[PDB]
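A.B. asks: The structure's right below; bear with me while I get my questions together.
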Amino acid sequence: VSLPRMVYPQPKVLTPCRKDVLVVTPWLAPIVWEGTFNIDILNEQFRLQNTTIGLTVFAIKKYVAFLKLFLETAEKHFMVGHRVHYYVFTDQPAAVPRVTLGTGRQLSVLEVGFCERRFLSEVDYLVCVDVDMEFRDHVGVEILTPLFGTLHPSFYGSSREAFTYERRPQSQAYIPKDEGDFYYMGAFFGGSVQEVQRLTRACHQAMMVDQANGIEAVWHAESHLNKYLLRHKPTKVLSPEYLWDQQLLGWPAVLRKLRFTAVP
């Protein structure tokens, strides 16, 4: 459907939004920073498609303690105005806090000690994050795309030789020193349900192969995520605004917003 009439500042061809950072990858994927998007335009586009976003977290053992803040701050900052389905995987269904949700938002508790068809039927996009985190600012439809990864906050300024990729050729996650675009954070990735299932299926197969060969990648699923995203380029990359640790890294000038952060 057509967008409605909208009044907003004209984009200026000979004035970049941001001159201090790379805002597009060499495969023409946007890198999402504050100042690169008009959220009103993007909200219109995604609301007109009645977009539903799934947000998945695992909260096992003592990590259930993090759910209350995670969910309450997600209610303030994550996809507000859009349909949201939280999927909380836990070993302690009774320890999930009763958090008040806005209209059009739902939560499912899934007990762990099988979700492929359910996700396809229930949501358009899946977002996969860790629970020991809080939202502090807007995280919205600007992230949505067929496949996205997030720049790890410790490595966004680093040379590829310094990236902590798996370096042993015996592992399926192996990346040599002369390869690599970015070091993506394992704690924040997503995309369409189909692309997230393709990614998780490929990662699981690679991890099984490594297990059979008696090798475990240096950073576990994150190492495999990095290998997958090297060979299957993401269609957006999120800046470190989207995964930050203020205790460890402060608040650099290049970050205009701190959106989703570690709980110290």
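We label chains A, B, ... in the order they appear in the structure tokens, count residues from 1 in each chain, and number ligands from 1 in the order shown.
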Would you write out, as a Markdown table, a table of all residues in stretch 56-168 of chain A that have an atom no more than 10 Å from an atom of stretch 196-201 of chain A, listing for each the closest atom pair and the distance in Å to one decimal, considering only C-alpha atoms and ordering rows by chain and rising residue number?

C.D. replies:
| residue | atom | partner | partner_atom | distance |
| --- | --- | --- | --- | --- |
| A:115 | CA | A:197 | CA | 9.7 |
| A:116 | CA | A:197 | CA | 7.2 |
| A:119 | CA | A:197 | CA | 9.4 |
| A:120 | CA | A:197 | CA | 9.6 |
| A:125 | CA | A:196 | CA | 8.4 |
| A:126 | CA | A:196 | CA | 6.9 |
| A:127 | CA | A:196 | CA | 8.6 |
| A:128 | CA | A:196 | CA | 9.0 |
| A:146 | CA | A:196 | CA | 8.3 |
| A:147 | CA | A:196 | CA | 7.1 |
| A:148 | CA | A:196 | CA | 9.2 |

A.B. asks: For the structure I just gave you, how does DSSP split stretch 153-203 of chain A - specifically, which residues are strand (DSSP E)? Reply as a list in words.

C.D. replies: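 The strand (DSSP E) residues within stretch 153-203 of chain A come out as residues 188, 189, 190, 191 and 192 of chain A.
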
A.B. asks: Using only C-alpha atoms, I'd like a table of the residues in stretch 105-189 of chain A that come within 9 Å of stretch 37-45 of chain A; for each, show the closest atom pair and its distance in Å rounded to one decimal, ordered by chain and ascending number, as CSV.

C.D. replies:
residue,atom,partner,partner_atom,distance
A:140,CA,A:39,CA,8.2
A:141,CA,A:43,CA,6.6
A:142,CA,A:42,CA,6.5

A.B. asks: Please produce, as a tab-separated table, a per-residue contact table for stretch 119-168 of chain A versus stretch 239-249 of chain A (criterion: any atom at most 7 Å away, only C-alpha atoms considered), showing the nearest atom pair and its distance in Å to one decimal, sorted by chain then residue number.

C.D. replies:
residue	atom	partner	partner_atom	distance
A:150	CA	A:239	CA	6.1
A:151	CA	A:240	CA	5.4
A:152	CA	A:240	CA	6.4
A:153	CA	A:240	CA	5.2

A.B. asks: Any chance you can output those residues with N, CA, C and O atoms as a compact mmCIF listing (two decimals), in the first residue's frame?

C.D. replies:
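Wrote result.txt, looks like this:
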# COMPACT_ATOMS: atom_id res chain seq x y z
N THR A 150 25.11 -7.61 14.63
CA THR A 150 25.39 -6.41 15.44
C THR A 150 26.89 -6.34 15.66
O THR A 150 27.50 -7.34 16.01
N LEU A 151 27.47 -5.16 15.46
CA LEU A 151 28.90 -4.98 15.77
C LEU A 151 29.19 -5.13 17.25
O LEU A 151 28.61 -4.41 18.09
N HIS A 152 30.08 -6.07 17.57
CA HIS A 152 30.50 -6.29 18.95
C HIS A 152 31.15 -5.01 19.47
O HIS A 152 32.00 -4.43 18.78
N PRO A 153 30.75 -4.54 20.67
CA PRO A 153 31.22 -3.23 21.13
C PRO A 153 32.71 -3.14 21.45
O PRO A 153 33.22 -2.02 21.47

A.B. asks: What gap, in Å, lies between atom CA of residue A:33 and atom CA of residue A:130?

C.D. replies: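 For atom CA of residue A:33 relative to atom CA of residue A:130, the distance reads 21.0 Å.
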
A.B. asks: Skipping near chain neighbours, those fewer than 2 positions away, what residues fall within 10 Å of residue A:170 using only C-alpha atoms, listed as number ranges by chain?

C.D. replies: A: 166-168, 172-174, 210, 213-217

A.B. asks: Would you save the residues of that selection, restricted to N, CA, C and O atoms, as a short mmCIF file (atom, residue, chain, number, x, y, z; two decimals), in the first residue's frame?

C.D. replies:
data_model
loop_
_atom_site.label_atom_id
_atom_site.label_comp_id
_atom_site.auth_asym_id
_atom_site.auth_seq_id
_atom_site.Cartn_x
_atom_site.Cartn_y
_atom_site.Cartn_z
N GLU A 166 37.50 -17.81 15.50
CA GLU A 166 38.17 -19.12 15.58
C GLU A 166 39.27 -19.19 14.54
O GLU A 166 39.01 -19.00 13.34
N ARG A 167 40.51 -19.44 14.98
CA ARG A 167 41.67 -19.47 14.09
C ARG A 167 42.24 -20.86 13.78
O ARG A 167 43.19 -20.95 12.99
N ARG A 168 41.70 -21.92 14.37
CA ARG A 168 42.19 -23.28 14.08
C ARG A 168 41.44 -23.82 12.86
O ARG A 168 40.20 -23.89 12.88
N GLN A 172 35.03 -25.88 12.02
CA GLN A 172 34.12 -25.35 11.01
C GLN A 172 33.97 -23.84 11.09
O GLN A 172 33.63 -23.21 10.09
N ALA A 173 34.23 -23.25 12.26
CA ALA A 173 34.14 -21.79 12.43
C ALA A 173 35.40 -21.05 12.00
O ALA A 173 35.48 -19.82 12.12
N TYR A 174 36.42 -21.77 11.53
CA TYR A 174 37.69 -21.17 11.12
C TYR A 174 37.57 -19.99 10.15
O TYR A 174 36.93 -20.10 9.10
N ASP A 210 32.05 -29.99 14.64
CA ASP A 210 33.12 -29.71 15.60
C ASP A 210 33.13 -30.67 16.79
O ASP A 210 34.20 -31.17 17.16
N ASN A 213 34.46 -33.98 15.87
CA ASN A 213 35.91 -33.84 15.70
C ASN A 213 36.70 -33.44 16.95
O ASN A 213 37.90 -33.16 16.86
N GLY A 214 36.04 -33.42 18.11
CA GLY A 214 36.68 -33.05 19.38
C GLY A 214 37.27 -31.65 19.46
O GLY A 214 38.31 -31.46 20.08
N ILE A 215 36.60 -30.67 18.85
CA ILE A 215 37.05 -29.28 18.95
C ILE A 215 35.83 -28.41 19.32
O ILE A 215 34.71 -28.71 18.91
N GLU A 216 36.05 -27.42 20.18
CA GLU A 216 35.01 -26.45 20.54
C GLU A 216 35.55 -25.08 20.17
O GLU A 216 36.64 -24.70 20.58
N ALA A 217 34.77 -24.34 19.37
CA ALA A 217 35.22 -23.03 18.92
C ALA A 217 35.47 -22.07 20.08
O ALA A 217 34.78 -22.11 21.11
#

A.B. asks: Between A:175, A:6, A:95, A:67, which has the minimum distance to residue A:161 (counting only C-alpha atoms)?

C.D. replies: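 When distances to residue A:161 are compared using only C-alpha atoms, the smallest one comes from A:175.
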
A.B. asks: Residues within 12 Å of residue A:254, please, as an MDAnalysis selection string. Count only C-alpha atoms; anything in the same chain fewer than 3 positions from it doesn't count.

C.D. replies: chainID A and resid 18:22 33:35 153 156:157 239:241 250:251 257:258

A.B. asks: Using only C-alpha atoms, can you tell me which of A:165, A:36, A:47, A:158 comes closest to residue A:3?

C.D. replies: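 Among A:165, A:36, A:47, A:158, it is A:47 that comes nearest to residue A:3.
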
A.B. asks: What's the separation between atom CA of residue A:237 and atom CA of residue A:10, in Å to one decimal place?

C.D. replies: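 Here the two named atoms are 24.7 Å from each other.
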
A.B. asks: Based on the backbone DSSP call, show me all residues of stretch 146-255 of chain A assigned alpha helix (DSSP H), as a PyMOL selection string.

C.D. replies: chain A and resi 193-212+220-231+246-249

A.B. asks: Selected residues, N, CA, C and O atoms, written as a CSV table (one decimal), in the first residue's frame, please.

C.D. replies:
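selection-v4.csv written:
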chain,number,residue,atom,x,y,z
A,193,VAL,N,12.0,-14.9,9.9
A,193,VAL,CA,12.0,-16.2,10.5
A,193,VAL,C,12.8,-17.2,9.6
A,193,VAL,O,13.6,-18.0,10.1
A,194,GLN,N,12.5,-17.2,8.3
A,194,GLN,CA,13.2,-18.1,7.4
A,194,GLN,C,14.7,-18.0,7.5
A,194,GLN,O,15.4,-19.0,7.5
A,195,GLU,N,15.2,-16.7,7.5
A,195,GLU,CA,16.7,-16.5,7.5
A,195,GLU,C,17.3,-16.9,8.8
A,195,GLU,O,18.4,-17.4,8.9
A,196,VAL,N,16.5,-16.6,9.9
A,196,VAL,CA,17.0,-17.0,11.3
A,196,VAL,C,17.1,-18.5,11.4
A,196,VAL,O,18.0,-19.1,12.0
A,197,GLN,N,16.1,-19.2,10.9
A,197,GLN,CA,16.1,-20.6,10.9
A,197,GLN,C,17.2,-21.2,10.1
A,197,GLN,O,17.9,-22.2,10.5
A,198,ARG,N,17.5,-20.6,8.9
A,198,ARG,CA,18.6,-21.0,8.1
A,198,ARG,C,19.9,-20.9,8.8
A,198,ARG,O,20.8,-21.8,8.8
A,199,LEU,N,20.1,-19.7,9.5
A,199,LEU,CA,21.3,-19.4,10.3
A,199,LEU,C,21.5,-20.4,11.4
A,199,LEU,O,22.5,-21.0,11.6
A,200,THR,N,20.4,-20.6,12.2
A,200,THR,CA,20.5,-21.5,13.4
A,200,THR,C,20.7,-23.0,12.9
A,200,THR,O,21.5,-23.7,13.5
A,201,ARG,N,20.1,-23.4,11.8
A,201,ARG,CA,20.3,-24.7,11.3
A,201,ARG,C,21.8,-24.9,10.9
A,201,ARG,O,22.4,-25.9,11.2
A,202,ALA,N,22.3,-23.9,10.2
A,202,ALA,CA,23.7,-24.0,9.7
A,202,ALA,C,24.7,-24.0,10.9
A,202,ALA,O,25.7,-24.8,11.0
A,203,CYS,N,24.5,-23.1,11.9
A,203,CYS,CA,25.3,-23.1,13.1
A,203,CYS,C,25.2,-24.4,13.9
A,203,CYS,O,26.3,-24.9,14.3
A,204,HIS,N,24.0,-25.0,14.0
A,204,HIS,CA,23.9,-26.2,14.8
A,204,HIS,C,24.6,-27.3,14.1
A,204,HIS,O,25.4,-28.1,14.7
A,205,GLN,N,24.5,-27.4,12.7
A,205,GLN,CA,25.2,-28.5,12.0
A,205,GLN,C,26.8,-28.3,12.1
A,205,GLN,O,27.5,-29.3,12.4
A,206,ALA,N,27.3,-27.1,12.1
A,206,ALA,CA,28.7,-26.8,12.2
A,206,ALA,C,29.2,-27.2,13.6
A,206,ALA,O,30.3,-27.7,13.8
A,207,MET,N,28.4,-26.9,14.6
A,207,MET,CA,28.7,-27.2,16.0
A,207,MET,C,28.7,-28.7,16.3
A,207,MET,O,29.6,-29.2,17.0
A,208,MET,N,27.8,-29.4,15.6
A,208,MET,CA,27.8,-30.9,15.7
A,208,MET,C,29.0,-31.5,15.0
A,208,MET,O,29.6,-32.4,15.6
A,209,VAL,N,29.4,-31.0,13.9
A,209,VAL,CA,30.7,-31.4,13.2
A,209,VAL,C,31.9,-31.2,14.1
A,209,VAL,O,32.7,-32.1,14.3
A,210,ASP,N,32.1,-30.0,14.6
A,210,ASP,CA,33.1,-29.7,15.6
A,210,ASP,C,33.1,-30.7,16.8
A,210,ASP,O,34.2,-31.2,17.2
A,211,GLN,N,32.0,-30.9,17.4
A,211,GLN,CA,31.8,-31.9,18.5
A,211,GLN,C,32.3,-33.3,18.2
A,211,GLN,O,33.1,-33.8,18.9
A,212,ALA,N,31.9,-33.8,17.0
A,212,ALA,CA,32.3,-35.1,16.5
A,212,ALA,C,33.9,-35.1,16.3
A,212,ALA,O,34.5,-36.1,16.5
A,220,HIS,N,32.4,-20.3,21.0
A,220,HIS,CA,31.2,-21.1,21.0
A,220,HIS,C,30.3,-20.6,19.8
A,220,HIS,O,30.7,-20.5,18.7
A,221,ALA,N,29.0,-20.4,20.1
A,221,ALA,CA,28.1,-20.1,19.0
A,221,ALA,C,28.5,-18.8,18.3
A,221,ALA,O,28.3,-18.6,17.1
A,222,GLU,N,29.0,-17.8,19.1
A,222,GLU,CA,29.5,-16.6,18.5
A,222,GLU,C,30.5,-16.8,17.4
A,222,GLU,O,30.5,-16.1,16.3
A,223,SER,N,31.4,-17.7,17.5
A,223,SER,CA,32.4,-18.0,16.5
A,223,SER,C,31.7,-18.5,15.2
A,223,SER,O,32.1,-18.1,14.1
A,224,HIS,N,30.7,-19.4,15.4
A,224,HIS,CA,30.0,-19.9,14.3
A,224,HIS,C,29.1,-18.9,13.6
A,224,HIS,O,29.0,-18.8,12.4
A,225,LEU,N,28.5,-18.0,14.4
A,225,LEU,CA,27.7,-16.9,13.9
A,225,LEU,C,28.6,-16.0,13.0
A,225,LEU,O,28.2,-15.6,11.9
A,226,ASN,N,29.8,-15.7,13.4
A,226,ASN,CA,30.8,-15.0,12.6
A,226,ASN,C,31.1,-15.6,11.3
A,226,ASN,O,31.2,-15.0,10.3
A,227,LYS,N,31.3,-16.9,11.4
A,227,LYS,CA,31.6,-17.6,10.1
A,227,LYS,C,30.4,-17.6,9.2
A,227,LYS,O,30.6,-17.4,8.0
A,228,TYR,N,29.2,-17.8,9.7
A,228,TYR,CA,28.0,-17.7,8.8
A,228,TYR,C,27.9,-16.4,8.2
A,228,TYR,O,27.6,-16.3,7.0
A,229,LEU,N,28.1,-15.3,9.0
A,229,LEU,CA,27.8,-14.0,8.5
A,229,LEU,C,28.9,-13.5,7.5
A,229,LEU,O,28.8,-12.5,6.8
A,230,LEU,N,30.1,-14.1,7.6
A,230,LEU,CA,31.2,-13.9,6.6
A,230,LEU,C,30.7,-14.4,5.3
A,230,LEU,O,30.9,-13.7,4.2
A,231,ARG,N,30.2,-15.6,5.3
A,231,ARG,CA,29.8,-16.3,4.0
A,231,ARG,C,28.4,-16.0,3.5
A,231,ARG,O,28.1,-16.3,2.3
A,246,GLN,N,28.4,0.0,29.2
A,246,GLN,CA,28.9,1.3,29.6
A,246,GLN,C,29.9,1.2,30.8
A,246,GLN,O,30.8,2.0,30.8
A,247,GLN,N,29.8,0.2,31.6
A,247,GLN,CA,30.8,0.0,32.7
A,247,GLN,C,32.2,-0.2,32.1
A,247,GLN,O,33.2,0.4,32.5
A,248,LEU,N,32.2,-1.1,31.1
A,248,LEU,CA,33.5,-1.5,30.4
A,248,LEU,C,34.0,-0.4,29.4
A,248,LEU,O,35.2,-0.3,29.3
A,249,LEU,N,33.1,0.3,28.8
A,249,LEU,CA,33.5,1.1,27.6
A,249,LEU,C,33.1,2.5,27.6
A,249,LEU,O,33.4,3.3,26.7

A.B. asks: Report, in Å with one decimal, the straight-line distance from atom CA of residue A:74 to atom CA of residue A:56.

C.D. replies: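 If I compute the distance from atom CA of residue A:74 to atom CA of residue A:56, I get 11.8 Å.
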
A.B. asks: When distances are computed from only C-alpha atoms, which of A:98, A:12, A:76, A:105 shows the smallest separation from residue A:51?

C.D. replies: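 Checking each of A:98, A:12, A:76, A:105 against residue A:51, counting only C-alpha atoms, the winner is A:105.
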
A.B. asks: List the spatial neighbours of residue A:86 as an mmCIF file with N, CA, C and O atoms, in the first residue's frame - criterion: any atom at most 12 Å away, only C-alpha atoms, same-chain residues fewer than 5 positions off excluded.

C.D. replies:
data_model
loop_
_atom_site.group_PDB
_atom_site.id
_atom_site.type_symbol
_atom_site.label_atom_id
_atom_site.label_comp_id
_atom_site.auth_asym_id
_atom_site.auth_seq_id
_atom_site.Cartn_x
_atom_site.Cartn_y
_atom_site.Cartn_z
ATOM 1 N N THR A 52 4.743 -8.308 12.833
ATOM 2 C CA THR A 52 4.868 -8.896 14.160
ATOM 3 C C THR A 52 6.314 -9.319 14.375
ATOM 4 O O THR A 52 6.891 -10.021 13.534
ATOM 5 N N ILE A 53 6.897 -8.891 15.490
ATOM 6 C CA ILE A 53 8.272 -9.191 15.828
ATOM 7 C C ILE A 53 8.339 -10.130 17.017
ATOM 8 O O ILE A 53 7.773 -9.840 18.071
ATOM 9 N N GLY A 54 9.054 -11.241 16.855
ATOM 10 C CA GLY A 54 9.302 -12.169 17.947
ATOM 11 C C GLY A 54 10.622 -11.801 18.606
ATOM 12 O O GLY A 54 11.606 -11.525 17.910
ATOM 13 N N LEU A 55 10.657 -11.815 19.929
ATOM 14 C CA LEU A 55 11.879 -11.525 20.698
ATOM 15 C C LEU A 55 12.103 -12.719 21.567
ATOM 16 O O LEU A 55 11.257 -13.040 22.421
ATOM 17 N N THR A 56 13.218 -13.404 21.349
ATOM 18 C CA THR A 56 13.512 -14.660 22.051
ATOM 19 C C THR A 56 14.634 -14.460 23.045
ATOM 20 O O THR A 56 15.642 -13.840 22.734
ATOM 21 N N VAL A 57 14.484 -15.014 24.242
ATOM 22 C CA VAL A 57 15.536 -15.020 25.247
ATOM 23 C C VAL A 57 15.523 -16.336 25.983
ATOM 24 O O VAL A 57 14.446 -16.962 26.158
ATOM 25 N N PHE A 58 16.714 -16.740 26.392
ATOM 26 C CA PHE A 58 16.905 -17.896 27.258
ATOM 27 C C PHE A 58 17.282 -17.424 28.645
ATOM 28 O O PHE A 58 18.175 -16.590 28.841
ATOM 29 N N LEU A 67 14.973 -11.313 34.090
ATOM 30 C CA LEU A 67 13.814 -11.167 33.231
ATOM 31 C C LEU A 67 12.975 -9.930 33.508
ATOM 32 O O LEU A 67 12.470 -9.323 32.579
ATOM 33 N N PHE A 70 14.599 -6.843 32.028
ATOM 34 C CA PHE A 70 14.652 -7.046 30.579
ATOM 35 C C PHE A 70 13.283 -6.755 29.949
ATOM 36 O O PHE A 70 13.162 -5.962 29.013
ATOM 37 N N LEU A 71 12.248 -7.411 30.463
ATOM 38 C CA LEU A 71 10.918 -7.274 29.910
ATOM 39 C C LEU A 71 10.317 -5.891 30.156
ATOM 40 O O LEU A 71 9.692 -5.339 29.274
ATOM 41 N N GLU A 72 10.486 -5.334 31.364
ATOM 42 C CA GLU A 72 9.916 -4.023 31.628
ATOM 43 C C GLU A 72 10.525 -2.956 30.707
ATOM 44 O O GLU A 72 9.838 -2.056 30.229
ATOM 45 N N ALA A 74 12.023 -3.596 27.809
ATOM 46 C CA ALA A 74 11.556 -3.884 26.443
ATOM 47 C C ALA A 74 10.184 -3.244 26.172
ATOM 48 O O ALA A 74 9.901 -2.741 25.076
ATOM 49 N N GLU A 75 9.312 -3.257 27.174
ATOM 50 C CA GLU A 75 8.015 -2.621 27.039
ATOM 51 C C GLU A 75 8.105 -1.135 26.780
ATOM 52 O O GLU A 75 7.276 -0.597 26.055
ATOM 53 N N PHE A 78 11.217 -1.338 23.032
ATOM 54 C CA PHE A 78 11.360 -2.306 21.928
ATOM 55 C C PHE A 78 10.113 -2.379 21.078
ATOM 56 O O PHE A 78 9.075 -2.875 21.515
ATOM 57 N N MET A 79 10.212 -1.903 19.838
ATOM 58 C CA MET A 79 9.128 -2.022 18.866
ATOM 59 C C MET A 79 7.788 -1.481 19.341
ATOM 60 O O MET A 79 6.742 -1.984 18.960
ATOM 61 N N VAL A 99 4.862 -9.508 34.140
ATOM 62 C CA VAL A 99 5.167 -8.159 33.658
ATOM 63 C C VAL A 99 3.967 -7.687 32.850
ATOM 64 O O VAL A 99 3.425 -8.415 32.025
ATOM 65 N N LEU A 101 2.054 -5.960 30.066
ATOM 66 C CA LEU A 101 2.348 -5.699 28.665
ATOM 67 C C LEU A 101 1.385 -4.694 28.037
ATOM 68 O O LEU A 101 0.180 -4.702 28.316
ATOM 69 N N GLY A 104 -1.333 -5.425 22.135
ATOM 70 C CA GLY A 104 -0.744 -6.016 20.935
ATOM 71 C C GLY A 104 0.567 -6.720 21.205
ATOM 72 O O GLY A 104 1.308 -7.024 20.270
ATOM 73 N N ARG A 105 0.850 -6.987 22.466
ATOM 74 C CA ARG A 105 2.114 -7.579 22.899
ATOM 75 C C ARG A 105 1.753 -8.781 23.750
ATOM 76 O O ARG A 105 0.857 -8.709 24.617
ATOM 77 N N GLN A 106 2.450 -9.879 23.516
ATOM 78 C CA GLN A 106 2.178 -11.115 24.244
ATOM 79 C C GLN A 106 3.454 -11.820 24.638
ATOM 80 O O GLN A 106 4.509 -11.631 24.018
ATOM 81 N N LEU A 107 3.363 -12.642 25.677
ATOM 82 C CA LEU A 107 4.509 -13.406 26.159
ATOM 83 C C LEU A 107 4.152 -14.873 26.273
ATOM 84 O O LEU A 107 3.081 -15.209 26.793
ATOM 85 N N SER A 108 5.019 -15.727 25.741
ATOM 86 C CA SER A 108 4.919 -17.179 25.889
ATOM 87 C C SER A 108 6.111 -17.697 26.669
ATOM 88 O O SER A 108 7.264 -17.346 26.378
ATOM 89 N N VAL A 109 5.844 -18.542 27.660
ATOM 90 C CA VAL A 109 6.886 -19.202 28.411
ATOM 91 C C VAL A 109 7.040 -20.607 27.856
ATOM 92 O O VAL A 109 6.059 -21.337 27.739
ATOM 93 N N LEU A 110 8.261 -20.965 27.493
ATOM 94 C CA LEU A 110 8.571 -22.264 26.908
ATOM 95 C C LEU A 110 9.534 -22.940 27.847
ATOM 96 O O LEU A 110 10.614 -22.427 28.123
ATOM 97 N N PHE A 119 7.090 -20.474 15.061
ATOM 98 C CA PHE A 119 7.592 -19.142 14.688
ATOM 99 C C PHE A 119 7.119 -18.704 13.305
ATOM 100 O O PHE A 119 6.705 -17.570 13.116
ATOM 101 N N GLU A 122 3.567 -17.466 13.660
ATOM 102 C CA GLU A 122 3.272 -16.437 14.669
ATOM 103 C C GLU A 122 3.951 -15.090 14.473
ATOM 104 O O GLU A 122 3.409 -14.067 14.917
ATOM 105 N N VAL A 123 5.127 -15.048 13.834
ATOM 106 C CA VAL A 123 5.848 -13.780 13.719
ATOM 107 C C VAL A 123 6.451 -13.653 12.338
ATOM 108 O O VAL A 123 6.614 -14.658 11.635
ATOM 109 N N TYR A 125 9.394 -11.540 11.897
ATOM 110 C CA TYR A 125 10.823 -11.413 12.198
ATOM 111 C C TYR A 125 11.125 -12.011 13.534
ATOM 112 O O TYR A 125 10.271 -11.989 14.431
ATOM 113 N N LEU A 126 12.346 -12.514 13.700
ATOM 114 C CA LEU A 126 12.824 -12.979 14.978
ATOM 115 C C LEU A 126 14.036 -12.198 15.382
ATOM 116 O O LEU A 126 14.924 -11.975 14.539
ATOM 117 N N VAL A 127 14.080 -11.805 16.644
ATOM 118 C CA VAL A 127 15.205 -11.095 17.244
ATOM 119 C C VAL A 127 15.700 -11.949 18.418
ATOM 120 O O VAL A 127 14.915 -12.309 19.303
ATOM 121 N N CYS A 128 16.985 -12.253 18.434
ATOM 122 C CA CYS A 128 17.574 -13.185 19.393
ATOM 123 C C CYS A 128 18.587 -12.440 20.222
ATOM 124 O O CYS A 128 19.592 -11.979 19.686
ATOM 125 N N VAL A 129 18.311 -12.268 21.516
ATOM 126 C CA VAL A 129 19.179 -11.544 22.430
ATOM 127 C C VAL A 129 19.389 -12.296 23.725
ATOM 128 O O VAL A 129 18.725 -13.305 23.988
ATOM 129 N N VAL A 131 19.475 -12.203 28.005
ATOM 130 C CA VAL A 131 18.541 -11.708 29.011
ATOM 131 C C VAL A 131 19.195 -10.765 30.029
ATOM 132 O O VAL A 131 18.500 -9.925 30.612
#
